[PDB]
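Taking it in order: structure first as structure tokens, then the write-up.
Both counts, for ligands and for their atoms, begin at 1 and track the order of listing. One is the number of the first residue; the rest follow in order along the sequence. Atom set for the values below is all heavy atoms of this structure, side chains included, hydrogens, waters and symmetry mates excluded.
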Amino acid sequence: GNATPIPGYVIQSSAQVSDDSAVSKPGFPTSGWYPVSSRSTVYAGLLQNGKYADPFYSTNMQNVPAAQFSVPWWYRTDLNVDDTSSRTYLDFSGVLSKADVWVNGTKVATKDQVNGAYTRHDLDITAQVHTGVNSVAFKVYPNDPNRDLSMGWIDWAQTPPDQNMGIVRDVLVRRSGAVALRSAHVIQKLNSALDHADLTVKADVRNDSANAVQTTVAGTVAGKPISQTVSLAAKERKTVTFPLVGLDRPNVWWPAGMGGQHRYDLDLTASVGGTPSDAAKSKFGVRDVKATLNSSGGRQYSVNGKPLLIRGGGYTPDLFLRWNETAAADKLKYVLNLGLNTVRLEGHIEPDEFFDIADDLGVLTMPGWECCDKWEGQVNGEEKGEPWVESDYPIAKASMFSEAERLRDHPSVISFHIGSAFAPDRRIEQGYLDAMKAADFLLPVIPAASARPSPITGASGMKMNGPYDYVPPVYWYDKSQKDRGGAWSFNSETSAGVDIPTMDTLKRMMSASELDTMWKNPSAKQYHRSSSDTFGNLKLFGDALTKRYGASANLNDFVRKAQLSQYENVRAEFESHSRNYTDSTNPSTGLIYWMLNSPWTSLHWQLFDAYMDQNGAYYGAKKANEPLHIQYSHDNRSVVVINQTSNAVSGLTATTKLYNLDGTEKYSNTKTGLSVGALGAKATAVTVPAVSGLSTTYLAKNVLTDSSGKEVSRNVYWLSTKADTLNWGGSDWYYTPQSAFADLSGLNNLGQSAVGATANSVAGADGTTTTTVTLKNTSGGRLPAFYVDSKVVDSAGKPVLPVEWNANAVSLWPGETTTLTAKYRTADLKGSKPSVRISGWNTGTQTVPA
Ligand SMILES: N[C@H]1[C@H](Oc2ccc([N+](=O)[O-])cc2)O[C@H](CO)[C@@H](O)[C@@H]1O
């Protein structure tokens, strides 16, 4: 019943190994080999040892010779075996791209068999294993994402020098008797009332001994005892199906905010001769999911019978696939701190623990294959990725079986994308559907994340029309352009491009001269944007920032304007889709922001940066996604209330006020007695009229109060009397140019205000600290304290990260007070007392003790 991951390896280039057979012989010398932990790419292993500077800074990654990664590298380990009575197996996946496998001088598997990142291998090495010191070695071949059914980085970042070659999941050493237990899972089916489920337990037993046996498979499913006895011929594998098990009042799994995140346990042992031979423990959730096309042709998800608007981001692992379990949890927790409900994984499908965490937190996941490389090479024409040859087909199908077997019992998974870009052809699709059936993977299959249909499954119900680069806030409210990215159908991957991180992050990833070029010449190429020619620079972003904000006087000026622009755009992107969700015709049914995060330190396509810091894009997404939310429509000036929560809400008041930048109120409307339905429904409070006398740049202050009088949402917009307008005829695949630009440059001369700050911290018994900050606009005039950003810092003024605030980037009118709460691990203070840095657009910067 043992399965123990190999904790580490020593690695070296095959340039240093003239005899392959020598490596896995006990006693082979490994002087100058690099010790690496489990789940290391070659380059990640070299970084672990010294060997190159931080690729997260400047052009360090460019200085790595890539030629050394065009030959195989060895991953070698010893294994102590005290007792060879039990059979021994190597059970693994995550090999990029393929490998020969050696035990004690014998090649047990070749790169023709061990091939493809997602394929699982269960190699019986019993005949090679002896008592005492054994040795195992993998010769890992170079990875080319265009040639290998593997992982590549598309245009998200820059290419890792080793192209991620290595072993990026665990290799398990399994020990068992005559019978191996494998692939234990639970088929679960809930009634529509959600008060009764039926559980079908299935498990494979394989008799690897020389003689026929009887084996009993027995244990517990969801607290209920189960047992089957089968006969097995020598070398026979069988799937055991247990009689149906009913479960009353099941603890149903819900997405975060809709109920609990319970998972039941499955615990089985296969016994031979009244003695345990092998054992397996797993979990599953009792949850129904569906994803169907609505009458308008949009893909509509529902969980447990409740339709949902998908509100998420494209998730990526680290650029060098460096795995850390706490980091994965910190990233999924930020999803909820954002108010988001979903992450999409375009390829790069994370180890099991990532899905365990998403299960435990109630974050929905959308895994699938990626575009623009080998996966779509048979159907994607002139795009990157090679045509398929006959040997490709069984690798892809085994990759599908393996991932379907891994993912089937994680309730967070709401679908699998079998295509991205292009839907698979009939042959490929059939092999994917066959593999999923064989795995009992019963979740929705989506053919493409674009509008392209597959021959069997059919219409995707999704769109990939862009944009991926600057478009003004009003763009997102478009429904008229059927080949563009407005708020209708399922937006599977879209953003307004550039997302300048915080200054603290900037100073860690770029030199002073790289930063100087960034603000002085946005048209210049930035290594920390993209290898793509199209996304190599920040020109569209820089042009609109100047036009709309005003020319940047310095680096500080550029970064501050970037944050407002990013907050403004990301907010409108999400808010437009929340609004249109309940449209009768062509509703929005999903939005995946491109992207949630970056593989590395980046200037684009992120909400949170590589260090987990939180900028304007972060705060703007968090504002748009709050559970009871008030918002302003950029297209028609409607003020709209959204209720994300699982219950209808009544007696809400929506209060909207316009102010000139001198603080003069120019309009007020108070709309009382609003009711809004659950799970994404809306109510319109008012349409703001054209108001005479507004400054060119003006403020809209929107406030939602419940029936108790509590303020539950505040949303402040900086607006212009001059419209952003689109030149739709100049549209390209990744953006639409503007025919005219809003004028928000009035903010440059917004007069100074004042805050107003007191902070205190409590170190909890759960290992976390909560810092509470009370901020007040203490000025003596009519000016708001606008866009006030509070940051937990140590004594050196460095941000404590990760961190989760209840609210931030707040605006307060004179005399107004807000109390804010930040939570973080006490240990991330690293012994420092906490302080709070408070910076506002028109309030300066101060830091206070906490
Ligand atoms: N799925 C990818 C998406 O792929 C596309 C392929 C073709 C078209 N097209 O021809 O309109 C549009 C998008 O492109 C994004 C931006 O380049 C990538 O970052 C995503 O990973």
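- By the side chain to side chain donor-acceptor pair (under 3.5 Å) test, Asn115 is found to be paired with no residue, residues two or more places apart in sequence or in another chain being considered.
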Pairwise, report which nitrogen or oxygen atoms of ligand 1 are under 3.5 angstrom from protein nitrogen or oxygen atoms, and how far apart they are.
residue  : atom   : partner : partner atom : Å
ligand 1 : 1 (N)  : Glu346  : OE1          : 3.3
ligand 1 : 1 (N)  : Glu346  : OE2          : 2.8
ligand 1 : 1 (N)  : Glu493  : OE1          : 3.2
ligand 1 : 1 (N)  : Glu493  : OE2          : 2.6
ligand 1 : 17 (O) : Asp155  : OD2          : 2.6
ligand 1 : 19 (O) : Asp155  : OD1          : 2.9
ligand 1 : 19 (O) : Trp156  : NE1          : 3.3
ligand 1 : 19 (O) : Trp594  : NE1          : 3.0
ligand 1 : 21 (O) : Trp156  : NE1          : 3.0
ligand 1 : 21 (O) : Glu346  : OE1          : 2.7

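- Residue pairs satisfying the side-chain hydrogen bond (donor to acceptor under 3.5 Å, both in side chains) criterion with at least one member in residues 444-463, sequence neighbours excluded, are listed as follows: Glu429-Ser454, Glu429-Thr457.
- Taking the six-membered ring where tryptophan is involved, the planes of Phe56 and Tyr611 are perpendicular, since the angle between them exceeds 60° and thus also 30°.
- Classified by interplanar angle (parallel below 30°, tilted 30° to 60°, perpendicular above 60°), the ring pair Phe490/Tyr301 is tilted.
- At least one donor-acceptor pair under 3.5 Å links the side chain of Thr41 to the backbone N or O of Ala44.
- Listed by first and then second residue, the salt bridge (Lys or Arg N to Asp or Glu O under 4.0 Å) pairs involving residues 475-485 are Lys479-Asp583 (not counting sequence neighbours).
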